[PDB]
Every structure is written in C-alpha cells, then in structure tokens.
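*Asks:* File upload23.cif follows (mmCIF, C-alpha atoms):
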```cif
data_upload
#
loop_
_atom_site.group_PDB
_atom_site.id
_atom_site.type_symbol
_atom_site.label_atom_id
_atom_site.label_comp_id
_atom_site.auth_asym_id
_atom_site.auth_seq_id
_atom_site.Cartn_x
_atom_site.Cartn_y
_atom_site.Cartn_z
ATOM 1 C CA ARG A 4 -117.495 22.518 30.285
ATOM 2 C CA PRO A 5 -114.427 20.715 31.608
ATOM 3 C CA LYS A 6 -112.832 22.588 34.491
ATOM 4 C CA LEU A 7 -109.081 22.900 34.126
ATOM 5 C CA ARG A 8 -106.615 23.501 36.954
ATOM 6 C CA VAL A 9 -103.982 25.934 35.847
ATOM 7 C CA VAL A 10 -100.663 26.709 37.605
ATOM 8 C CA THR A 11 -99.026 30.062 37.129
ATOM 9 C CA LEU A 12 -96.056 32.158 38.319
ATOM 10 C CA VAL A 13 -96.323 35.874 39.072
ATOM 11 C CA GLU A 14 -94.052 37.660 36.605
ATOM 12 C CA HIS A 15 -94.758 41.156 35.304
ATOM 13 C CA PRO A 16 -96.303 42.032 32.876
ATOM 14 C CA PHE A 17 -97.403 38.485 31.995
ATOM 15 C CA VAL A 18 -99.030 37.757 35.367
ATOM 16 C CA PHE A 19 -99.673 40.340 38.115
ATOM 17 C CA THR A 20 -101.828 39.909 41.235
ATOM 18 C CA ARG A 21 -103.800 42.190 43.484
ATOM 19 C CA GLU A 22 -105.631 41.508 46.742
ATOM 20 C CA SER A 23 -109.090 39.963 46.663
ATOM 21 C CA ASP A 24 -112.193 41.930 47.694
ATOM 22 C CA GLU A 25 -113.803 41.794 51.149
ATOM 23 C CA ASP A 26 -115.479 38.495 50.235
ATOM 24 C CA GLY A 27 -112.348 36.942 48.765
ATOM 25 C CA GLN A 28 -113.616 37.381 45.195
ATOM 26 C CA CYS A 29 -112.262 39.296 42.200
ATOM 27 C CA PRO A 30 -114.406 41.962 40.500
ATOM 28 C CA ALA A 31 -111.393 42.497 38.276
ATOM 29 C CA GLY A 32 -109.110 39.662 37.330
ATOM 30 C CA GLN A 33 -109.330 35.972 38.070
ATOM 31 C CA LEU A 34 -109.294 34.300 41.509
ATOM 32 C CA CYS A 35 -105.969 32.664 42.153
ATOM 33 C CA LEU A 36 -104.923 30.697 45.157
ATOM 34 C CA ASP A 37 -101.482 31.263 46.774
ATOM 35 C CA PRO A 38 -101.076 27.880 48.576
ATOM 36 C CA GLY A 39 -97.271 27.931 49.054
ATOM 37 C CA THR A 40 -97.144 24.137 48.644
ATOM 38 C CA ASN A 41 -96.252 21.345 46.289
ATOM 39 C CA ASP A 42 -98.173 18.823 48.430
ATOM 40 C CA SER A 43 -100.746 17.338 46.096
ATOM 41 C CA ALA A 44 -103.208 16.476 48.858
ATOM 42 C CA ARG A 45 -102.952 19.941 50.335
ATOM 43 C CA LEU A 46 -103.565 21.560 46.946
ATOM 44 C CA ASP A 47 -106.617 19.352 46.322
ATOM 45 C CA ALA A 48 -107.996 20.154 49.761
ATOM 46 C CA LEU A 49 -107.511 23.896 49.258
ATOM 47 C CA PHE A 50 -109.477 23.947 45.991
ATOM 48 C CA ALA A 51 -112.176 21.787 47.595
ATOM 49 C CA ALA A 52 -112.334 24.234 50.505
ATOM 50 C CA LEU A 53 -113.433 26.923 48.054
ATOM 51 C CA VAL A 54 -116.778 25.067 47.800
ATOM 52 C CA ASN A 55 -117.199 23.449 51.217
ATOM 53 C CA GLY A 56 -114.731 25.052 53.574
ATOM 54 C CA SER A 57 -113.168 28.414 54.198
ATOM 55 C CA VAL A 58 -110.090 29.611 52.395
ATOM 56 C CA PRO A 59 -108.889 32.872 54.006
ATOM 57 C CA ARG A 60 -107.972 36.020 52.099
ATOM 58 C CA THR A 61 -104.307 35.527 52.970
ATOM 59 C CA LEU A 62 -104.350 32.643 50.475
ATOM 60 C CA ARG A 63 -106.424 34.427 47.777
ATOM 61 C CA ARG A 64 -105.217 36.838 45.058
ATOM 62 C CA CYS A 65 -106.740 38.240 41.888
ATOM 63 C CA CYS A 66 -104.498 37.674 38.904
ATOM 64 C CA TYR A 67 -104.434 39.705 35.726
ATOM 65 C CA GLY A 68 -102.053 40.481 32.845
ATOM 66 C CA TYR A 69 -100.996 39.411 29.341
ATOM 67 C CA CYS A 70 -101.199 35.705 30.098
ATOM 68 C CA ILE A 71 -104.481 35.996 31.938
ATOM 69 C CA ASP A 72 -106.050 37.844 28.967
ATOM 70 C CA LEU A 73 -104.660 35.026 26.790
ATOM 71 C CA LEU A 74 -106.086 32.283 29.082
ATOM 72 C CA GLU A 75 -109.532 33.978 29.136
ATOM 73 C CA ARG A 76 -109.600 34.097 25.300
ATOM 74 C CA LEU A 77 -108.616 30.417 25.079
ATOM 75 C CA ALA A 78 -111.284 29.409 27.643
ATOM 76 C CA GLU A 79 -113.850 31.166 25.484
ATOM 77 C CA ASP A 80 -112.710 29.762 22.150
ATOM 78 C CA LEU A 81 -112.253 26.222 23.478
ATOM 79 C CA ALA A 82 -115.213 26.286 25.875
ATOM 80 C CA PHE A 83 -113.555 25.343 29.168
ATOM 81 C CA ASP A 84 -113.627 26.735 32.701
ATOM 82 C CA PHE A 85 -110.557 27.098 34.823
ATOM 83 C CA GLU A 86 -109.214 27.591 38.333
ATOM 84 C CA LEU A 87 -105.752 28.994 39.086
ATOM 85 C CA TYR A 88 -103.024 28.636 41.709
ATOM 86 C CA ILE A 89 -99.526 30.138 42.001
ATOM 87 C CA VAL A 90 -96.687 27.593 42.010
ATOM 88 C CA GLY A 91 -95.524 26.989 45.577
ATOM 89 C CA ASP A 92 -91.842 27.435 45.105
ATOM 90 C CA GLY A 93 -92.086 30.498 42.788
ATOM 91 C CA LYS A 94 -89.797 28.837 40.207
ATOM 92 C CA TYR A 95 -90.119 28.058 36.514
ATOM 93 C CA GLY A 96 -88.345 24.716 36.822
ATOM 94 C CA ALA A 97 -85.069 22.823 36.891
ATOM 95 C CA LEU A 98 -84.026 19.245 37.482
ATOM 96 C CA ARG A 99 -82.629 19.066 41.021
ATOM 97 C CA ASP A 100 -81.905 15.994 43.135
ATOM 98 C CA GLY A 101 -83.552 13.845 40.465
ATOM 99 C CA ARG A 102 -86.855 15.720 40.389
ATOM 100 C CA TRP A 103 -88.165 18.695 38.445
ATOM 101 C CA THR A 104 -89.080 21.763 40.461
ATOM 102 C CA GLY A 105 -91.471 24.636 39.793
ATOM 103 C CA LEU A 106 -94.041 24.646 37.043
ATOM 104 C CA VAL A 107 -92.439 21.680 35.300
ATOM 105 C CA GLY A 108 -92.582 19.634 38.510
ATOM 106 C CA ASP A 109 -96.245 20.394 39.095
ATOM 107 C CA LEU A 110 -97.173 19.350 35.537
ATOM 108 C CA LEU A 111 -95.296 16.050 35.909
ATOM 109 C CA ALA A 112 -96.892 15.346 39.289
ATOM 110 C CA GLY A 113 -100.422 15.836 37.928
ATOM 111 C CA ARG A 114 -101.089 18.955 40.037
ATOM 112 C CA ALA A 115 -102.272 20.999 37.038
ATOM 113 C CA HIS A 116 -103.630 20.508 33.543
ATOM 114 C CA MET A 117 -101.607 23.388 32.172
ATOM 115 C CA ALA A 118 -99.027 26.053 33.210
ATOM 116 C CA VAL A 119 -99.670 29.583 31.918
ATOM 117 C CA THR A 120 -97.154 32.437 32.431
ATOM 118 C CA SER A 121 -93.888 33.675 30.783
ATOM 119 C CA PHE A 122 -92.719 30.005 30.520
ATOM 120 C CA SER A 123 -89.744 29.311 28.240
ATOM 121 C CA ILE A 124 -89.568 26.306 25.934
ATOM 122 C CA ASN A 125 -86.201 24.561 25.989
ATOM 123 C CA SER A 126 -84.944 21.141 24.918
ATOM 124 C CA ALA A 127 -84.589 19.696 28.436
ATOM 125 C CA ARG A 128 -88.135 20.673 29.462
ATOM 126 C CA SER A 129 -89.641 19.543 26.112
ATOM 127 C CA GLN A 130 -88.369 16.024 26.743
ATOM 128 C CA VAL A 131 -90.563 15.702 29.848
ATOM 129 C CA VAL A 132 -93.566 17.976 29.297
ATOM 130 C CA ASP A 133 -95.282 19.282 26.221
ATOM 131 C CA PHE A 134 -95.598 22.856 25.110
ATOM 132 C CA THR A 135 -97.994 24.506 22.717
ATOM 133 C CA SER A 136 -96.672 26.391 19.720
ATOM 134 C CA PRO A 137 -95.111 29.587 21.160
ATOM 135 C CA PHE A 138 -97.155 32.707 21.724
ATOM 136 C CA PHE A 139 -94.168 35.021 22.314
ATOM 137 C CA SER A 140 -90.406 34.966 21.749
ATOM 138 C CA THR A 141 -87.517 36.569 23.646
ATOM 139 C CA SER A 142 -83.696 36.669 23.802
ATOM 140 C CA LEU A 143 -81.931 36.697 27.109
ATOM 141 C CA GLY A 144 -80.602 40.086 28.070
ATOM 142 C CA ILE A 145 -78.270 41.799 30.529
ATOM 143 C CA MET A 146 -79.394 44.603 32.810
ATOM 144 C CA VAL A 147 -77.012 47.102 34.401
ATOM 145 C CA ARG A 148 -77.225 50.497 36.094
ATOM 146 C CA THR A 149 -76.818 53.473 33.769
ATOM 147 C CA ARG A 150 -73.478 55.255 33.769
ATOM 148 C CA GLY A 151 -71.433 52.242 34.712
ATOM 149 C CA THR A 152 -70.869 48.736 33.405
ATOM 150 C CA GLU A 153 -70.761 48.316 29.658
ATOM 151 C CA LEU A 154 -71.047 44.862 28.099
ATOM 152 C CA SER A 155 -70.910 43.503 24.566
ATOM 153 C CA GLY A 156 -73.133 40.566 25.349
ATOM 154 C CA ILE A 157 -72.690 37.067 26.766
ATOM 155 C CA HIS A 158 -69.109 36.784 25.399
ATOM 156 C CA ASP A 159 -67.721 39.886 27.068
ATOM 157 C CA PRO A 160 -64.451 39.027 28.853
ATOM 158 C CA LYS A 161 -65.718 40.956 31.905
ATOM 159 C CA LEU A 162 -68.082 37.997 32.396
ATOM 160 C CA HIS A 163 -65.547 35.270 31.601
ATOM 161 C CA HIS A 164 -62.699 36.716 33.662
ATOM 162 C CA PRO A 165 -64.480 38.893 36.255
ATOM 163 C CA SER A 166 -62.520 41.582 38.114
ATOM 164 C CA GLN A 167 -62.291 41.805 41.874
ATOM 165 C CA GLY A 168 -65.734 42.670 43.294
ATOM 166 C CA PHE A 169 -67.527 42.426 39.924
ATOM 167 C CA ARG A 170 -70.688 40.349 40.435
ATOM 168 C CA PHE A 171 -73.373 39.043 38.101
ATOM 169 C CA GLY A 172 -76.274 36.671 38.451
ATOM 170 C CA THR A 173 -79.518 35.305 37.070
ATOM 171 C CA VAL A 174 -82.717 33.798 38.510
ATOM 172 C CA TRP A 175 -82.516 30.392 40.191
ATOM 173 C CA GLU A 176 -84.131 27.513 38.317
ATOM 174 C CA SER A 177 -84.948 29.569 35.242
ATOM 175 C CA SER A 178 -84.247 28.752 31.623
ATOM 176 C CA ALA A 179 -81.539 31.456 31.680
ATOM 177 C CA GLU A 180 -79.724 29.557 34.467
ATOM 178 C CA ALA A 181 -80.105 26.279 32.470
ATOM 179 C CA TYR A 182 -78.583 27.823 29.341
ATOM 180 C CA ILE A 183 -75.593 29.170 31.276
ATOM 181 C CA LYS A 184 -75.073 25.867 33.146
ATOM 182 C CA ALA A 185 -74.940 24.053 29.806
ATOM 183 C CA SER A 186 -73.035 26.565 27.660
ATOM 184 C CA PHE A 187 -70.768 28.380 30.087
ATOM 185 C CA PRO A 188 -70.184 26.092 33.038
ATOM 186 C CA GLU A 189 -67.249 28.134 34.420
ATOM 187 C CA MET A 190 -69.383 31.317 34.283
ATOM 188 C CA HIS A 191 -72.172 29.472 36.141
ATOM 189 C CA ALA A 192 -69.773 28.698 38.990
ATOM 190 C CA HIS A 193 -69.390 32.480 39.628
ATOM 191 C CA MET A 194 -73.066 33.292 39.154
ATOM 192 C CA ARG A 195 -74.593 30.663 41.320
ATOM 193 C CA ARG A 196 -73.449 32.444 44.509
ATOM 194 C CA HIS A 197 -74.935 35.720 43.257
ATOM 195 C CA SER A 198 -78.280 34.745 41.741
ATOM 196 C CA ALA A 199 -81.814 35.585 42.895
ATOM 197 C CA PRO A 200 -85.125 33.730 43.552
ATOM 198 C CA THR A 201 -87.156 35.956 41.271
ATOM 199 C CA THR A 202 -86.729 38.634 38.604
ATOM 200 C CA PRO A 203 -87.625 41.512 40.930
ATOM 201 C CA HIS A 204 -85.143 40.264 43.534
ATOM 202 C CA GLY A 205 -82.391 40.293 40.973
ATOM 203 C CA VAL A 206 -83.259 43.783 39.707
ATOM 204 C CA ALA A 207 -83.285 44.988 43.369
ATOM 205 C CA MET A 208 -79.681 43.728 43.717
ATOM 206 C CA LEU A 209 -78.602 46.217 41.060
ATOM 207 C CA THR A 210 -80.209 49.038 43.027
ATOM 208 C CA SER A 211 -79.441 48.124 46.648
ATOM 209 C CA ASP A 212 -77.116 50.281 48.748
ATOM 210 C CA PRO A 213 -74.446 49.219 48.046
ATOM 211 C CA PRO A 214 -75.375 47.181 44.927
ATOM 212 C CA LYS A 215 -74.962 43.428 45.220
ATOM 213 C CA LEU A 216 -74.814 42.887 41.450
ATOM 214 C CA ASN A 217 -73.118 44.768 38.658
ATOM 215 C CA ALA A 218 -75.123 42.892 35.983
ATOM 216 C CA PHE A 219 -78.258 40.696 35.897
ATOM 217 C CA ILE A 220 -79.129 38.229 33.175
ATOM 218 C CA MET A 221 -82.769 37.228 32.489
ATOM 219 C CA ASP A 222 -85.402 37.120 29.704
ATOM 220 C CA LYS A 223 -85.024 40.466 27.858
ATOM 221 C CA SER A 224 -88.884 40.747 27.763
ATOM 222 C CA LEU A 225 -88.884 40.853 31.558
ATOM 223 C CA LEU A 226 -85.905 43.125 31.906
ATOM 224 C CA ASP A 227 -87.382 45.601 29.387
ATOM 225 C CA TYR A 228 -90.500 45.859 31.536
ATOM 226 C CA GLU A 229 -88.441 46.550 34.671
ATOM 227 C CA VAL A 230 -86.413 49.183 32.806
ATOM 228 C CA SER A 231 -89.661 50.875 31.797
ATOM 229 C CA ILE A 232 -90.975 51.200 35.361
ATOM 230 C CA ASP A 233 -87.787 52.236 37.218
ATOM 231 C CA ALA A 234 -88.558 55.460 39.013
ATOM 232 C CA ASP A 235 -85.229 57.111 38.136
ATOM 233 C CA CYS A 236 -84.782 55.465 34.694
ATOM 234 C CA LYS A 237 -81.450 54.240 36.076
ATOM 235 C CA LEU A 238 -81.582 50.737 34.603
ATOM 236 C CA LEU A 239 -80.731 49.709 31.059
ATOM 237 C CA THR A 240 -80.216 46.617 28.963
ATOM 238 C CA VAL A 241 -76.885 46.166 27.177
ATOM 239 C CA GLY A 242 -75.205 43.849 24.707
ATOM 240 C CA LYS A 243 -76.192 41.680 21.780
ATOM 241 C CA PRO A 244 -79.176 39.316 22.076
ATOM 242 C CA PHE A 245 -78.477 35.638 22.879
ATOM 243 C CA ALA A 246 -80.326 32.397 23.730
ATOM 244 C CA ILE A 247 -83.620 33.150 21.978
ATOM 245 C CA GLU A 248 -86.503 31.010 23.277
ATOM 246 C CA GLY A 249 -90.262 30.867 22.805
ATOM 247 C CA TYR A 250 -92.859 31.159 25.603
ATOM 248 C CA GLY A 251 -95.487 28.452 25.508
ATOM 249 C CA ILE A 252 -98.302 26.953 27.570
ATOM 250 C CA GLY A 253 -96.932 23.838 29.291
ATOM 251 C CA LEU A 254 -98.944 20.617 29.670
ATOM 252 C CA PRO A 255 -98.241 17.037 30.756
ATOM 253 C CA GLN A 256 -96.994 14.896 27.959
ATOM 254 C CA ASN A 257 -99.604 13.627 25.485
ATOM 255 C CA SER A 258 -102.368 15.884 26.736
ATOM 256 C CA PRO A 259 -105.451 15.955 24.535
ATOM 257 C CA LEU A 260 -105.568 19.751 25.034
ATOM 258 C CA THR A 261 -102.242 20.707 23.443
ATOM 259 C CA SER A 262 -103.048 20.650 19.714
ATOM 260 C CA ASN A 263 -106.290 22.608 20.173
ATOM 261 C CA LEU A 264 -104.522 25.296 22.220
ATOM 262 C CA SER A 265 -101.756 25.545 19.605
ATOM 263 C CA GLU A 266 -104.241 26.037 16.785
ATOM 264 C CA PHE A 267 -105.793 28.998 18.588
ATOM 265 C CA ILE A 268 -102.415 30.465 19.540
ATOM 266 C CA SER A 269 -101.400 30.405 15.840
ATOM 267 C CA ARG A 270 -104.592 32.238 14.878
ATOM 268 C CA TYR A 271 -104.024 34.841 17.568
ATOM 269 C CA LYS A 272 -100.586 35.476 16.200
ATOM 270 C CA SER A 273 -101.640 35.968 12.620
ATOM 271 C CA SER A 274 -104.779 37.982 13.427
ATOM 272 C CA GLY A 275 -102.903 40.591 15.524
ATOM 273 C CA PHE A 276 -104.392 39.606 18.910
ATOM 274 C CA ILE A 277 -100.980 38.629 20.341
ATOM 275 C CA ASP A 278 -99.589 42.033 19.242
ATOM 276 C CA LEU A 279 -102.619 43.687 20.846
ATOM 277 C CA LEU A 280 -101.756 42.036 24.139
ATOM 278 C CA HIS A 281 -98.184 43.268 23.895
ATOM 279 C CA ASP A 282 -99.347 46.830 23.233
ATOM 280 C CA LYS A 283 -101.827 46.671 26.104
ATOM 281 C CA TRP A 284 -99.455 45.297 28.683
ATOM 282 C CA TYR A 285 -96.221 47.077 27.686
#
```
Turn this file's structure into structure tokens for me.

*Replies:*
Amino acid sequence: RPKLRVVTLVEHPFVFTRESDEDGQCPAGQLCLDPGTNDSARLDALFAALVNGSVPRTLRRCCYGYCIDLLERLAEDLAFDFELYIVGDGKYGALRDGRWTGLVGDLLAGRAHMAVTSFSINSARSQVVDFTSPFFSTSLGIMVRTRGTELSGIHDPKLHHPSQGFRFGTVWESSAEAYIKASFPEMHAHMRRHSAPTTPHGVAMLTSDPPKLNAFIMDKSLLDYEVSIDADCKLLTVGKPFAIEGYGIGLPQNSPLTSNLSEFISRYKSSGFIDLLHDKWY
C-alpha cells in the first residue's frame, strides 16, 4: 500500500483534534503532527522521527471529524495508507509576495500528496493545483450578534459605506478574502484591518467585550456550526447567500490519484454517504 502524506487544517466540524494518549498514540481518531513549519526538511525529519527518533506529545494530536471519516473511507476503497500533519501557518492559501501560502503552498512545494479539510475550489487555486470533484458545497455567509445588525447580504450599503465604528472582517488568506479582493476591492480595504487568522478568532471578535466586529464573513457551513454551539445562542447568520464554492481534496497538478478519488467521491454523494457524514457531524 502506498503511504500518502496528507496536510490538513483544523476547522470544525470538518477537522477537530484532541490530545494524544500517554504514549502519543490515538485510540480514537488519527495521529496528526502539529509541526508549525513550512520547512520541507524539518517536516521530513519530523515524520522520520516517528520511526527512529522521539516526537514529543506537544507536537502530536489526534484528528477526527467529517473529513477524517471521508479520508478513512477513501483509504479503504483505494487501498492506501496515510500520515497527517496540520499546515504550519494555519491558512487555506493565498498568493502573497509571489508565493502561495497555506495548503496550496504545501501542495506546490511537494510537502504533501493531498490536502484534506474544508478546502474551497476557486479559479485562482485551480490554475496551480488540482482538485477532485467536490464533496460538499457552501455559500459565503455573514454572522452577527442577535438583536443588532441586520444585513441584506453582500450588497448591503452598510458594508459599502460603513458608518463610524462599524467593523466587519473575514479570515486572512481564505477563499472568502480572495472573492472580496477580486469583486469588492474598496470593501476589502476596510476589512483587511479587521480580519482574523482563523474562523474561531473571527467569531470571538463578535463576542468580545467590547466587540471588535459587527459582522463576520466566512463559509456559511462553518458559520452555521459556530451558531449551533454558541452557549447563549447569541449568534446568527443573515442575508442572501453569495459566492457559492465547492469543497474538494487538493492535490499537486497532474497527480495520478485525482481521478480515482473523484470517482469515489461521486459514488459517496449518490449513495447517501456524504449526507450521512453531514448528519453525523452537524
């Protein structure tokens, strides 16, 4: 069985992690490394150290979730083994200073055979890496606190001509930020001073004392999950859907794995297995 190196990004409910056991193993979930690096040699050395060195528990996690259940099914059906690490910079990927960051950057650099998480397909990314047929689809959405800001959607004048002290943001180096940069460049100029490194950081800005955002824009799939777990039910999503994109497994261009993964993904969709994962994890 070929052994594939898979990069991921922790984003609920697609990928969660818990601590490893006393021996740094995972009785539940799959062992994931948390290297914090995009240094190829360091990453190679860390995986090697699993077999002939000593990787401490501070760098081990056990991942689980919708995408991990999907990866396990694929490994079975396609007969491969895998090893996982969490992308060092915690980002999905953008082109910055001439290089791609995040998951996209690690695929291009040859640091992983595939990227598996809530990873959006867009035209810019598809030009440099390949994606399987999509396993999930989502609009972008807008999250606000209840009993406050009301918005019609991405065209609301509150977003195009913001009032004094009104603040909104997205997640750095996400596909949401890329869509806004391309479609609403003047809006992006406001947001980019008010955005967050991860989805949870952006949701926390809505809830801080005092709040640092009045609205937060991100994949509606992800925002819906955060609404569902808020302890006070004080978050909600507002406005019309926009910027629909598929989630896919990312691979370097011309990978011999892509077609075979797509064929299984299509079968999981039609058979109900993809819907089962949604019901399990939401």

*Asks:* What's the separation between CA of residue 205 in chain A and CA of residue 224 in chain A, in Å to one decimal place?

*Replies:*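 Going from CA of residue 205 in chain A over to CA of residue 224 in chain A covers 14.7 Å.
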
*Asks:* List, as number ranges by chain, every residue that the PyMOL selection byres ((chain A and resi 281) around 12) selects in the file provided.

*Replies:* A: 16-17, 68-70, 72-73, 138-140, 224, 228, 272, 275-280, 282-285

*Asks:* So which one's closest to residue 47 in chain A, A:231, A:78, A:22, A:8? Using all atoms listed in the file, please.

*Replies:* A:8

*Asks:* Applied to the shown file, which residues does the PyMOL selection byres ((chain A and resi 173-190) around 7) return, written as a ChimeraX atom specification?

*Replies:* /A:94-97,123,143,163,172,191-194,198-202,205,219-221

*Asks:* For range 211-215 of chain A, work out the shell of residues within 9 Å, counting all atoms listed in the file and skipping chain neighbours fewer than 6 positions away, then give it as a list in words.

*Replies:* residues 170, 171 and 197 of chain A

*Asks:* Taking only C-alpha atoms into account, which of A:109, A:24, A:37, A:92 comes nearest residue 50 in chain A?

*Replies:*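 Residue with the minimum atom-to-atom distance to residue 50 in chain A: A:37.
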
*Asks:* Expressed in Å to a single decimal, how great is the separation between CA of residue 271 in chain A and CA of residue 257 in chain A?

*Replies:*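 Rounded to one decimal, the two atoms are 23.1 Å apart.
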
*Asks:* Using only C-alpha atoms, which residues sit within 10 Å of residue 5 in chain A once same-chain residues fewer than 5 positions away are excluded, as a PyMOL selection string?

*Replies:* chain A and resi 82-85

*Asks:* Keeping C-alpha atoms, export the residues of the selection given above as a PDB file, keeping the file's coordinate frame.

*Replies:*
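This is the output file part-v7.pdb:
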```
ATOM      1  CA  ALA A  82    -115.213  26.286  25.875  1.00  0.00           C
ATOM      2  CA  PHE A  83    -113.555  25.343  29.168  1.00  0.00           C
ATOM      3  CA  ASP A  84    -113.627  26.735  32.701  1.00  0.00           C
ATOM      4  CA  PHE A  85    -110.557  27.098  34.823  1.00  0.00           C
TER       5      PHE A  85
END
```

*Asks:* Leaving out residue 245 in chain A and any residue of its chain fewer than 4 positions from it, which residues lie within 8 Å of it when counting only C-alpha atoms, given as a PyMOL selection string?

*Replies:* chain A and resi 142-144+156-157
